[PDB]
Number of protein chains: 2
Amino acid sequence: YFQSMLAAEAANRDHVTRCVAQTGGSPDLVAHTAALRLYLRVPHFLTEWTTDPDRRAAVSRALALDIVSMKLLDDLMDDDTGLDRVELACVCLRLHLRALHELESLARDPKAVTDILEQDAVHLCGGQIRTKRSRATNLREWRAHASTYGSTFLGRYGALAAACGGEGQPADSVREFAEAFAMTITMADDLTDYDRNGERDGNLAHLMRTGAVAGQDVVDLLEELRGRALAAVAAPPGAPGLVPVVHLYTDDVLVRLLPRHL
Amino acid sequence: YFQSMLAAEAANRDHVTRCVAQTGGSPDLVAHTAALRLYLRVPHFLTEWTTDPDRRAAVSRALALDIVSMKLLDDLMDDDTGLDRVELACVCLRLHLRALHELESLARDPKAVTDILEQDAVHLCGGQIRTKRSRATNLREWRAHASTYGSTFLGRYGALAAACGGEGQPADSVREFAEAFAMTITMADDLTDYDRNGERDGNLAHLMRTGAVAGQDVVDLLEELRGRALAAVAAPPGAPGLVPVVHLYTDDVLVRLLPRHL
C-alpha cells in the first residue's frame, strides 16, 4: 500500500502538471505544482471508499485538480510565492473549471457538485477571512480557526469524493475522516512553518513558545484527532487501508515536529 | 429603458454586496464592489433575450455574482487595488461558488453550466496569460489579445445567459453580441487607463501615441464591432432594446475617449 499511494500521488501529479502546462504554465509554476506532494496525494485517501478502480482513479485525479487550484489561489493571496501573479490566477481558474467539469460528469447527480461546493462556502470563506484578521491567541481559538480553513475545506472534498465516487459510499464517514485528517495536517503545518520560514502571529508553534498554549494539550488535541479519524475509517464498510495512514501522519507530528516546541 | 438598466444595475448591486458582506467583506471591499457599475450592469444586457421577468432577473443577478467574482480575482493578480489580499480571494471564491449554484439551478440541464464554463477555459486562461507575457505591439495583435481576455470571457457569460435563461433563446446570437460588446468595452478601457492611471506597455492608447497603431483603424475596428453587435441583436427574435445600448457605448468611445489619442 505505502506504494499505491505514491502511485496515485504520481498519476495525479501528471494530470495536474499536464493541465498547468497546456494552459501556459511556465517551468517555475509546473515545478511548483509538481512539488505539492501532500495535496496531490490527499485525493487518494478520500477516494479510498470507492471500489471501482477506474472511477476511483478518475475522481482521485479530478479532486487533485481542484485542491491544487485552491492551493494556487492561496499563493496568490499570501503573495510570498514569488511566482508570477498573472499565471497563478489564470492557471488557478483553469484547473478549477476543469475539476468542476470532471467531478460533475463523474457524479451520479450533476447538481450535487455545486451543492456540496456552495452549501457551506459562506462558512469556509468567512472562516478563512476571520482566521487571518483576528489571528488567534490560545489553543481554544487556533483550533476553532483551523476547523474552517482546514476542516471544512478538505471536508467538502471528502463530501465530493463520496458523491462523485460512486454509489454506496458512507457519505458522513468520508467527510468526518477528511475533517479530522485535515486538522492534523494543519497543526503539522504551523509547526513546520514557524521554523522553516519564520512566521509567528497566531501560529500554534508560537502560542506554545509563548506559553499561551499547553504542550500537553496540543498532544491531547492531536490524539483526539487521531481518534476521530480512525473512528471514521472504521465505520462500515470502512477503509482499513487508511488506518496505517492516519497513524503515519499523526505519529509524525508527535515524533518529528512536536519535539522542537516542547 | 435607459432606466430599467439602472434598475437592474441596482438590484444586482444589492445581491452582490449582500453577499460580499455576509461573507466577511469589509467596508472598503463592499464599497469597491458596489462601485463596479459596468460589471453589475452587463448581466442585464445578456439576459435581454429572456422573456420571463423573474427568471430574467434571477439569471441577471446570478451572472453578476460571477462577473464580479472574476473581477476580484483580477484585482488579486494585478494587486494594485490596495485592497486586502485575503478578503479578495475568499470573497472571490465565495461569490463564484454562489454564482455556480444559482446559475445551475436556473439552467434546464445542470451539466450545461460547467460545460460552457469548461469547454474553452483553456483558451481564455491561456489567452489571458499570454496577453500579459508578450504584451502586444500593433492593432493586429492587441486585437487578437483582447479577443480572448475580453471577447471569450464575456462570451461565455452570454452563453450561460442563454442556457440558464430559459428555453427558446438564440444561443449563438447572444454569444456573438457578448463578444462584440466585450471588445468594444475593452478598447474603452485601455483608453481610459492610459490617462487615468498611467499604464503604457501594450496599451492601445500608447500604440496610437507611438504611431504603431492607426487612428483611422481603431475607428474602423470600433465600428466593425458596432456592426457585429447590432447584427446580433437583430437576429430573430432579437433584442430591439439593446440597439440603443450598442450605439450608446460605441458612440461613447468615439465621442469622449478617442479624441484624446488622435
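What counts, and at which threshold
- Residues numbered from 1 in each chain as written, not as in the entry; some residues may be left out.
- Chains lettered and ligands numbered in written order.
- Heavy atoms only, no water.
- Contact = heavy atoms within 4.5 Å.
- Buried area = accessible area lost by both parts, 1.4 Å probe.
- Salt bridge = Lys/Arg side-chain N within 4 Å of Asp/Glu carboxyl O.
- Polar contact = N/O pair within 3.5 Å; in protein donor to acceptor, adjacent residues only side chain to side chain.
- Helix = DSSP H or I, 4+ residues; strand = E, 2+ residues; numbered from the N terminus.
- Nonpolar A, V, L, I, M, F, W, Y, C, P; charged D, E, K, R; others polar.
- Least-squares fit on C-alpha atoms.
- 1 Å grid on protein atoms, 1.4 Å probe; cavity = no way out; pocket = protein on both sides within 12 Å on 5 of 7 lines; lining within 4 Å.
- Points joined across faces, edges and corners; volume = space filled by probe spheres on them.
- Buried < 20%, exposed > 50% of the residue type's maximum accessible area, 1.4 Å probe, protein only.
- Core = buried A, V, L, I, M, F, W, Y, C linked by side-chain atoms within 4.5 Å.

Structure determination for this entry is recorded as X-ray crystallography, at 3.45 Å resolution.

> Which parts of the structure should I look at to understand the interface of chain B and chain A?
The extent of an interface is frequently quoted as the accessible surface area lost upon association of the parts. Contacts between chain B and chain A engage 39 residues on the former and 39 residues on the latter. Counting the surface lost from both chain B and chain A, the interface buries some 3400 Å², and carbon and sulfur atoms represent 70% of this. On the chain B side of the contact with chain A, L97, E118 and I129 of chain B bury the most area, a combined 16% of that side's loss. There are six salt bridges connecting chain B and chain A. For the salt bridge of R98 of chain A with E118 of chain B, the shortest nitrogen-to-oxygen distance reads 3.1 Å. At the junction of chain B with chain A, the criterion picks out 13 residue pairs in polar contact. If you list the elements that add at least two residues to the side of chain B that touches chain A, you get α4 (53-78), α5 (85-106), α6 (111-118) and α7 (121-133) of chain B. With 15 residues, α5 of chain B is the largest single contributor of residues to the side of chain B that touches chain A. Here the side of chain B that touches chain A is composed, by residue class, of 17 nonpolar, nine polar and 13 charged.

> Hey, could you run me through the relation of the copies chain B and chain A in this one?
Two copies of a chain can be linked by a rotation about an axis combined with a shift along that same axis. For the pair chain B and chain A, the relating rotation is 180°, the translation along its axis is 0.0 Å, and the fit reaches an RMSD of 0.0 Å. Here the symmetry operator amounts to a two-fold rotation axis. Among all residues of chain B, the one whose C-alpha sits closest to the rotation axis is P110 of chain B, at a distance of 3.0 Å. A symmetric contact is evident, with 100% of the interface residues of chain B recurring at the interface of chain A.

> I tried to follow empty space enclosed by the protein on my own but got confused; where do I start?
To find leftover empty space, a probe the size of one water molecule is rolled over the atoms. The tally for this structure, following the rule as stated, stands at two cavities of 30 Å³ or more. Of the volumes computed, that of the largest cavity is approximately 110 Å³. Looking at the largest cavity, the residues that line it are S69, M70, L73, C92, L93 and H96 of chain A together with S69, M70, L73, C92, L93 and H96 of chain B. Those elements that provide at least two residues to the lining of the largest cavity are α4 (53-78) and α5 (85-106) of chain A together with α4 and α5 of chain B. Space inside the second largest cavity adds up to approximately 30 Å³. Around the second largest cavity, the lining residues are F181, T184, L225, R226, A229, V246 and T250 of chain B.

> Before we go on, may I ask you to explain the pattern of salt bridges in this structure?
Side chains carrying opposite charge are able to pair once their charged atoms draw close together. Tallied over the full model, the rule gives 54 salt bridges over all chains. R98 of chain B is the salt-bridge partner of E102 of chain B, the closest N and O atoms lying 2.9 Å from each other. Taken together, the residues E102 of chain B and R98 of chain B, both in helix α5 and four residues apart, mark about one turn of the helix. Residue class for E102 of chain B comes out buried when judged on its relative accessible area of 8%. Beyond isolated ion pairs, a larger network of salt bridges with shared partners links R61, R94, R98 and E102 of chain A together with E118 of chain B.

> Looking at this model, I keep getting lost on the nonpolar core. Mind explaining?
Of all hydrophobic cores here, the largest spans 178 residues; its most connected members are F45, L46 and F177 of chain A together with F45, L46, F177 and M187 of chain B. With residues up to four places along the chain from it excluded, the contact list for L46 of chain B reads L63, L154, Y157, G158, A161, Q169, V174, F177 and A178 of chain B.

> Where do I start with unusual backbone geometry in this structure?
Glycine aside, the phi torsion of most residues is negative, and most peptide linkages are trans. Residues and elements named next belong to chain A. Across the junction of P236 and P237, the peptide omega takes the value 0°, indicating a cis bond. Of note, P237 is situated in the loop between α11 (215-234) and α12 (243-257). The backbone of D79 sits at a positive phi, close to 60°, despite the residue not being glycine. You can see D79 is positioned in the loop between α4 and α5. In this structure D79 comes out as partly exposed when scored by relative accessible area, which is 27%.

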